[PDB]
Amino acid sequence: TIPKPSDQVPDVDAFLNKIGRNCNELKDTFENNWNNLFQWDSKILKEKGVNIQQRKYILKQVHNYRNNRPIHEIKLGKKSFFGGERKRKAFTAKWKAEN
Amino acid sequence: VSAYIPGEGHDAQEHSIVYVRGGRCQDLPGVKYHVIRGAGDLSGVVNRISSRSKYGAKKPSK
Amino acid sequence: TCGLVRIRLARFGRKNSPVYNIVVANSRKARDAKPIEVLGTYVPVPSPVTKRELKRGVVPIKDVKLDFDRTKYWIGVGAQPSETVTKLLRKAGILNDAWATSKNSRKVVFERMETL
Amino acid sequence: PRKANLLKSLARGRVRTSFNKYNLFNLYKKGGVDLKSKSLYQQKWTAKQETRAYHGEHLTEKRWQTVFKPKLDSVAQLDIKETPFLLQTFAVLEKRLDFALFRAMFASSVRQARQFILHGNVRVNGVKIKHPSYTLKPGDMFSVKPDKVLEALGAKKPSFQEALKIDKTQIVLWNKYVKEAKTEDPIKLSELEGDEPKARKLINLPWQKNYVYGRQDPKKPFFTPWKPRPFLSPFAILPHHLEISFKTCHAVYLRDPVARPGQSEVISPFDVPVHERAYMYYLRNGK
Amino acid sequence: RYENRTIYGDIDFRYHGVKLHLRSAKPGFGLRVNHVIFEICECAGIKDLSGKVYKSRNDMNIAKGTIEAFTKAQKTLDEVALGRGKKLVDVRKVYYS
Amino acid sequence: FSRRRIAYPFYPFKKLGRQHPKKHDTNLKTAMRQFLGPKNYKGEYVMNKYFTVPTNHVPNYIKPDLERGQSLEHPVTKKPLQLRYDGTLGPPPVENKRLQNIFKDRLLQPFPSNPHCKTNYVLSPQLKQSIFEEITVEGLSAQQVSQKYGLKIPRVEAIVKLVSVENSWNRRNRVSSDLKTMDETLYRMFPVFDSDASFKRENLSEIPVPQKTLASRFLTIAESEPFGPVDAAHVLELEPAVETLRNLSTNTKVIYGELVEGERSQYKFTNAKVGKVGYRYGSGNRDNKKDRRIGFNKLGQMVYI
Amino acid sequence: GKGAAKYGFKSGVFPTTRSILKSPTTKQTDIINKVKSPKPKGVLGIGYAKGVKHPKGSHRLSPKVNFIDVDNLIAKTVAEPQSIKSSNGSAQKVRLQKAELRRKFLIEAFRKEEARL
RNA sequence: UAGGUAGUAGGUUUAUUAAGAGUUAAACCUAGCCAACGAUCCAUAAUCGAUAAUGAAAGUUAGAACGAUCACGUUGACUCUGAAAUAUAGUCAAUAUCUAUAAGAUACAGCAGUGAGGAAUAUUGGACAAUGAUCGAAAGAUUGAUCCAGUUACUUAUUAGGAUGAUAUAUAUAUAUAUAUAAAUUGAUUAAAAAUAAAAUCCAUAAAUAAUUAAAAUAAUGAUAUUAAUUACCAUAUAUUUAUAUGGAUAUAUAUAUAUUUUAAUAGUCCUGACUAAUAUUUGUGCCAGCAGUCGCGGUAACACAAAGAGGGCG
Ligand SMILES: [Mg+2]
Ligand SMILES: [Mg+2]
Ligand SMILES: [Mg+2]
Ligand SMILES: [Mg+2]
Ligand SMILES: [Mg+2]
Ligand SMILES: [Mg+2]
Ligand SMILES: [Mg+2]
Ligand SMILES: [Mg+2]
Ligand SMILES: [Mg+2]
Ligand SMILES: [Mg+2]
Ligand SMILES: [Mg+2]
Ligand SMILES: [Mg+2]
Ligand SMILES: [Mg+2]
Ligand SMILES: [Mg+2]
Ligand SMILES: [Mg+2]
Ligand SMILES: [Mg+2]
Ligand SMILES: [Mg+2]
Ligand SMILES: [Mg+2]
Ligand SMILES: [Mg+2]
Ligand SMILES: [Mg+2]
Ligand SMILES: [Mg+2]
Ligand SMILES: [Mg+2]
Ligand SMILES: [Mg+2]
Ligand SMILES: [Mg+2]
Ligand SMILES: [Mg+2]
Ligand SMILES: [Mg+2]
Ligand SMILES: [Mg+2]
Ligand SMILES: [Mg+2]
Ligand SMILES: [Mg+2]
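Protein chains in written order, with PDB author numbering: chain 22, 30 to 128; chain LL, 91 to 152; chain PP, 2 to 106, 110 to 120; chain DD, 2 to 80, 88 to 192, 384 to 486; chain EE, 210 to 306; chain 66, 27 to 276, 291 to 345; chain VV, 2 to 118.
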């Protein structure tokens, strides 16, 4: 079932921008067709030639949109500036020595 | 170890890499081993037609 | 999920062909290690229907042999079920709508019943 | 499975499960299996040779050994002759789908039956099977595609040229007969190369109206008006453990073959001593 | 021989060197004995037999010992019954298998 | 002492003597040719006894011991022939008394070397039909039918099953002409089951033999003390043989899950006692052993259990 | 595989089935009677003989068997709410329902166990 | 390894502990305790099963894999927090590498992987889709647990083609068709075979090529994945999987008459004197070359060495 485009994100491109995680640079693989994006599934996306992680994310965000849950770029997890829990002790010491 | 060397003519020097297995040369006393013949510097026995795997001999391939 | 005692699925069987072993276990002990009490089994691959059967309109079944009374007891003493296990229990009719999360939350075709 | 190679040679009088002409001859000229002037081991070996050639030549030795059951089966009548217990050594193979199909006479051989079921023609309780190692339970139907059954029990469908050549000779014989009758319809094969309808149009004998000798329905995989196989009689042994209906080509596997006071239901071309020797061998794996 | 197929009891007999041990057998269980014993049984009509030779396994002495055991070590049930003055039923036969 | 013995016929045949260098013929091949007789332009070995199919309800099984390897009969008259000093065939000088005087049992004995293997009889279609009617319309029990006719109850059930299938095929018009002809030929080949002939009737008191009976026991009862079948059964710790024969002749909470419009499958929950339900821990992996268990699916797919 | 024939040819093991009531109940009268009967002496005796002493620090007898009053146990583990009608909000209602369900199940289980034994 | 033992054996008390106890610490007594049915001492070894192997069984063997228990996370000691730690933590020392040179950091027995050792044991893979685990109110974040694929005949299993098949021409409502010319491989000249083996012939099926649609998972999410499976030009519409009728797909003759993708087959390796299954024979070598589990074989007639032929196992 197709949903309506909202005021905040009325376009496919706008939706892509909203969701993020480098979902931009994906306006060529499918053109700005609202119905097209929503009806399309995983296999179709794979055939077109998108990534696995990107494919997973888009579908999830589509689903959220359908259910009217707030879509936004929940960024992927990042290691600490110093290091991963294991490497910190040494890295931190090195950083201190440098500075 | 005193190892037997089977087959016709062999190729073994005073330093050759050789693999030993646990057979026994029955007529020679005090030698309780065989050099396995396909592997190492010990080469496969030449112009062997019968029982080729028992020596090194590869399949002639027409 | 939370807890020390937890009702969850331990994996069994071979590659590309899982069967599950509904257990109650410690949270710390491993996924396929020996648990406190095995309550039941669960094969996720549904029983395959015939072409004629499909045409008629008969749904596949997922077999879930399960000690009901034991499971209930374990729930009572406060052993939290996993996301899949709790769903299974709800489907059976042990647990209420209370356990259903927001993601789960659609007209019903066939209603539940006990049979022999 | 073990590859088919020299199964029906004459210098080894091995009696295989088949309706082959060479197999028939082997069966004919074997007599018994001679166990005289042999050691115990030698006797056991000769038993193994003969008995396994018939019972599961396609099976590998190790595989066979694994399947081989020591505990034989029997039935007490509780109402005389001595039951042949040890004929049951190869009772376990009749439980197989392939063997059951062969017994039913839905195949010429065990190999052929195996091929049929691989190709997905046999069914057992509706469900189609592509697995010879499938084992029937008592009460299970099994059903071969009727065309394949007909092919198995029918004659070999001739090539067109061969059929035409046969027709030519028949025509000549007919002409000779009519000449003889007078005293007290030709075909040129070189011209008529491969026009089947033309050949049909040409031909008109009393015993075949148009169709060439071997091709009344070329699209069917067997001989013309269906007739039986060239030496079908001496191998048509109707089994006890199967109930058969040749119209539909269905067959109920009703029992696991079992030995009575009179007889065994394991159909074999070997006397009981041979089967005893085989059993002795396979208990110990020839120790 | 019991039922025209096996020996009556489990016999244990010494002939010179060879120590024989021949157990009776349920019907269908074949001849499972030393090759000489087997040969003798085939000729003497014994279908079912288990047993094992200890000490000497001298073929000739086995052959001599085993026939001696058969003739001598065996007692038929009827003879035993007569000696003791009792009924000596075979339970399997009574049952009808 | 065993050699490799080339399997020549036990019976006597015209061996090779000398022959033209190029032909390369073997004695076995010659023997086979002789057995076959001469082959037609068509391909048929007409003179061989065993070529044509019997239309007699009398199976033409093999008697190589009786006819002494001489298989060749004249097709029209079924009279025996031999291979003379010339290549032409002709009648035998001495007649065979073995082929003339043959028993009932040996006519139904497909292989000469195995007396025990015999052919089972074929049921006449009318009889099968009558059985089917009895079971369905008249509503008689299968045991009574078996007693009447002389078949076994599983056999009767199998027959019934086959009859209904045949009827369905006839309704659909699947039973082709070629199939019918084949069925007729098969019927003609095999001997018919007679319901009156006592020797032909199947023995209906055959129970299967258990383990406890086979292991022989003996009891020293007093000389006069009686000891019947019941007593023997009691000693062995079984039910009596008659009772077992009679037996041969003759709950758990299950829930189903709710089915919402979208979801594709139900959830059947059967009850099960704890300590008896699961997949056990530290069981024997049998997959790399040759005693591995291979089952089959509902769709006939081969599946590792 | 050889030793599985002891356990009915059962390869692999289950964990021990865990007793719902972990002591004998008060309703199990026969057990109580057995416990309280005069303990034997002599050859097949249990405790200390009347005349004979026991080690200074140690107790003379064995400790007494705590018989479960099942109703009391139920009350303690699974108390019904005193504030009966205080209930607003969806999450709170859900929690209350869950609690009720847990009460039901554990009550049933214990009572069943008591009856079952 | 024949004597061992001096907190040793036992009693009385105090501390420490949640709590017993020469478990530690302290104090005071008694003279014990263990041992040739093996003490003390040394050496070796992670232990075990409803696991695996083998046996008729009692047993014996393994302890890879599945699971349960222990101990360790380069070596040794101690401390802190804690219900529980001599923690893969911290402290100090020991050994060996890193820079950043500092009352530094690291230690792959986590996963890949490298060098070494060795007869010998894999990818510097993909995904969090499933099942678990940690954090979070949730949104969802992490996850070399895990699930998947990769390499490796290490193991097991299923397939890895069936039926017919001994010649080639030429002549002339029946039917044993019959003559004639030609040819015919390695052996061998008859019980010496190789050989129904080939080649042909009939019939499929895999793979391919197209179309379709699961299931592992549902609220949605599928790494595996050119997924398994099914159909053979697709769909609907009747009956009981088969059969027929429609709708459209298609192409030549002159909208409707016959058709409907394609299509195979390929095994080693050991052995043939007896134990030990292998009789069709022949050549070479000449106590040499070589064979051999065991007895033995080779000195011109070698069934044993090296080969051809034929044969027997397992595959
Ligand atoms: Mg964030
Ligand atoms: Mg070779
Ligand atoms: Mg939580
Ligand atoms: Mg103290
Ligand atoms: Mg101490
Ligand atoms: Mg002190
Ligand atoms: Mg000691
Ligand atoms: Mg150690
Ligand atoms: Mg050990
Ligand atoms: Mg292990
Ligand atoms: Mg390991
Ligand atoms: Mg540690
Ligand atoms: Mg290290
Ligand atoms: Mg340490
Ligand atoms: Mg690693
Ligand atoms: Mg190296
Ligand atoms: Mg996850
Ligand atoms: Mg990774
Ligand atoms: Mg390896
Ligand atoms: Mg294999
Ligand atoms: Mg030649
Ligand atoms: Mg394919
Ligand atoms: Mg030899
Ligand atoms: Mg031999
Ligand atoms: Mg050699
Ligand atoms: Mg000697
Ligand atoms: Mg020579
Ligand atoms: Mg040689
Ligand atoms: Mg050769």
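By construction, the Cβ of each residue, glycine as well, lies at the ideal position given by its N, Cα and C atoms.
> For residue 171 (chain 66), which residues of its own chain have a beta-carbon under 7 Å away from its beta-carbon, when the five flanking residues on both sides are left out?
Replying inline: 157, 160, 161 and 182
> Out of curiosity, what's the CA-to-CA distance linking residue 53 (chain VV) and residue 42 (chain VV)?
Replying inline: 12 Å
> Shortest alpha-carbon distance to residue 2 (chain DD) belongs to which of 65 (chain DD), 51 (chain DD) and 35 (chain DD)?
Replying inline: 65 (chain DD)
> In the segment 179–264 of chain 66, which residue ranges form an unbroken alpha helix (DSSP H) of at least 4 residues, counting only runs that do not cross its ends?
Replying inline: 179–198, 203–215, 237–240 and 255–262
> Which same chain residues, not among the five before or five after residue 32 (chain 22), have their C-beta less than 6 Å away from its C-beta?
Replying inline: 95
> Taking the C-alpha atoms as reference points, what is the distance between residue 185 (chain 66) and residue 218 (chain 66)?
Replying inline: 15 Å
> Would a check of beta-carbon distances place residue 475 (chain DD) closer than 8 Å to chain EE?
Replying inline: yes
> By how many angstroms is the C-alpha of residue 122 (chain 66) removed from the C-alpha of residue 94 (chain 66)?
Replying inline: 9 Å
> Between the C-alpha atoms of residue 310 (chain 66) and residue 122 (chain DD), what's the straight-line distance to the nearest angstrom?
Replying inline: 39 Å
> Are any of the Cβ atoms in chain PP nearer than 8 Å to that of residue 312 (chain 66)?
Replying inline: yes
> CB residue 144 (chain DD) to CB residue 103 (chain DD), shorter than 8 Å?
Replying inline: yes
>> Within 10 Å of its beta-carbon, does residue 192 (chain 66) have 16 or more other beta-carbons around it, so buried, or fewer, so exposed?
In response: buried
>> Rounding to the nearest angstrom, what Cα-Cα distance links residue 262 (chain EE) and residue 50 (chain DD) in this structure?
In response: 29 Å
> For a contact meaning CB atoms closer than 7 Å, what does residue 18 (chain VV) contact in chain 66?
Replying inline: 314 and 315
> I think residue 97 (chain LL) touches residue 145 (chain LL), with their Cβ atoms under 8 Å apart; what is that distance to the nearest whole Å?
Replying inline: 5 Å
> Which two residues bound the contiguous alpha helix (DSSP H) that contains residue 175 (chain DD)?
Replying inline: 168–191
> With 16 as the cutoff for other CB atoms within 10 Å, does residue 186 (chain DD) come out buried or exposed?
Replying inline: exposed
> Thinking C-beta only, is residue 39 (chain PP) closer than 8 Å to residue 75 (chain PP)?
Replying inline: no
> Quick one: does residue 274 (chain 66) have its CB under 8 Å from some CB of chain DD?
Replying inline: no
>> Which residues of the segment 71–95 of chain VV have a Cβ closer than 9 Å to any Cβ of chain PP? Give them in chain order.
In response: 78, 79, 94 and 95
>> Cβ closer than 9 Å: which chain EE residues qualify as neighbours of residue 255 (chain 66)?
In response: 303, 304 and 305
> Can you pull the DSSP bridge partners for residue 124 (chain LL)?
Replying inline: 94 (chain LL) and 111 (chain LL)
> In three-state terms, what does DSSP make of residue 66 (chain 22)?
Replying inline: helix
> Is the segment 87–105 of chain 66 in contact with the segment 124–131 of chain 66, if contact means three or more CB pairs nearer than 8 Å?
Replying inline: yes
> Can you tell me the Cα-Cα spacing of residue 207 (chain 66) and residue 27 (chain DD), whole angstroms?
Replying inline: 30 Å
>> Once the 5 residues before and after residue 259 (chain EE) are set aside, which same chain residues still bring their CB inside 6 Å of it?
In response: 232, 234 and 241
>> ligand 1 and residue 107 (chain 22): does the residue's C-beta get closer than 7 Å to at least one heavy atom of that ligand?
In response: no
> Should residue 247 (chain EE) be flagged as near chain DD, meaning a C-beta pair shorter than 8 Å?
Replying inline: yes
>> Distance cutoff 8 Å, beta carbons only. Does residue 29 (chain VV) sit that close to anything in chain PP?
In response: no
> When the distance is taken between beta carbons, is residue 178 (chain 66) closer than 8 Å to residue 134 (chain 66)?
Replying inline: no
>> I'd like to check one pair, residue 143 (chain 66) with residue 333 (chain DD): are the Cβ atoms closer than 8 Å?
In response: No coordinates exist for residue 333 (chain DD) in the structure shown, because the numbering of chain DD passes directly from 192 to 384.
> Where residue 57 (chain 66) and residue 77 (chain 66) are concerned, what is the direct C-alpha to C-alpha distance, given to the nearest angstrom?
Replying inline: 17 Å
>> Under 8 Å, Cβ to Cβ, is there at least one residue of chain EE near residue 235 (chain 66)?
In response: yes
> When you compare each of 228 (chain 66), 74 (chain 66) and 119 (chain 66) to residue 99 (chain 66) by their alpha carbons, which one comes out closest?
Replying inline: 74 (chain 66)
>> Is it buried or exposed, residue 70 (chain 22), if we count other Cβ atoms within 10 angstroms and call 16 or more buried?
In response: exposed
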